[PDB]
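# Close look at the chain arrangement
Here are the chains, one letter per residue:
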Amino acid sequence: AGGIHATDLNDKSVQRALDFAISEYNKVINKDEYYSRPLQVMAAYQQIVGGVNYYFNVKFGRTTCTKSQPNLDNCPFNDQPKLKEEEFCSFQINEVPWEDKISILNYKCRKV
């Protein structure tokens, strides 16, 4: 039913959605010069009429790579005391599977 269920990142569709959220965070939301990737992720999905909804609670950490830099997401985190920036965000993402459509319904971030 239209009930919200928990999932993990082993589902290819969930991964795709998370990737979309990580991309937007780094390009639109976060204005730092360094790339931030997830430290922790909690996920849930909901099937509605017309598409699917993904909910993510993500904790981001600052890496040692600049956003303009190639081959990311394998970038070590900046463990340096004082330079370690982390932030928690919750994302509500909507996807129409059979149409390659995906968007961010809403998000709320907070420096941790």
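Residues numbered from 1 in each chain as written, not as in the entry; some residues may be left out. Heavy atoms only, no water.

Judging from the entry metadata, X-ray crystallography is the method by which this structure was determined, and 2.50 Å is the reported resolution.

## Some thoughts on the sheet that holds strand β3 (residues 51-66)
Through backbone hydrogen bonds, the strands of a sheet pair up, either in parallel or in antiparallel fashion. Worth spelling out the cut-off: The rule for pairing is simple: two strands pair if DSSP sees at least two bridges between them. Counting from the N terminus, the helices are the DSSP runs of H or I reaching at least four residues and the strands are the DSSP runs of E reaching at least two. Axis definition: a line fitted to C-alpha atoms, limited for helices to the stretch in contact. Angles are taken between N-to-C directions and run from 0 to 180 degrees. In what follows, residue pairs with any heavy atoms lying within 4.5 Å of each other are defined as contacts.
Pairing is antiparallel in the open sheet, where 5 strands are placed in the order β1-β2-β3-β4-β5. Two strands lie at the open edges of the sheet, namely β1 (5-7) and β5 (101-111), each paired on one side alone. When strand polarity is set aside, the average angle formed by the axes of neighbouring strands in this sheet is 25°. Pairing analysis gives 10 bridges linking β3 to strand β4 (residues 86-96), with the strands arranged antiparallel. Among the inter-strand pairings, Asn57 is bridged to a residue of β4, identified as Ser90. Along the sheet, helix α1 (residues 12-29) makes contact with β1, β2 (34-48), β3, β4 and β5, crossing β5 at roughly 60°.

## Quick look at the pattern of salt bridges
Side chains that carry opposite charge are capable of pairing whenever their charged atoms lie near each other. Stated precisely, the cut-off is as follows: When a carboxyl oxygen of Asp or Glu is within 4 Å of a side-chain nitrogen of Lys or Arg, the pair counts as a salt bridge. Only protein chains enter the area calculation, which uses a 1.4 Å probe; residues under 20% of their type maximum are buried, those over 50% are exposed, and those in between are partly exposed.
In this structure the tally under the stated criterion is 6 salt bridges. Between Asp100 and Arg16 there is a salt bridge, with its nearest N and O atoms 3.2 Å apart. Taken together, the residues span a long stretch of sequence, with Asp100 in the loop between β4 and β5 and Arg16 in helix α1 at a distance of 84 residues. Judged by its relative accessible area of 62%, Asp100 is exposed. Taking relative accessible area as the criterion, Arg16 reaches 32% and is therefore assigned partly exposed. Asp32 is the partner of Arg62 in a salt bridge, and the nearest nitrogen-oxygen pair spans 3.2 Å. Of the two residues, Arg62 sits in strand β3 while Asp32 sits in the loop between α1 and β2, which places them 30 residues apart along the sequence. The exposure class of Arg62 is buried, given its relative accessible area of 11%. With relative accessibility at 27%, the residue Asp32 sits in the partly exposed group. Look at the salt bridges and you will find they share partners, linking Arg16, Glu95 and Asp100 into a network.

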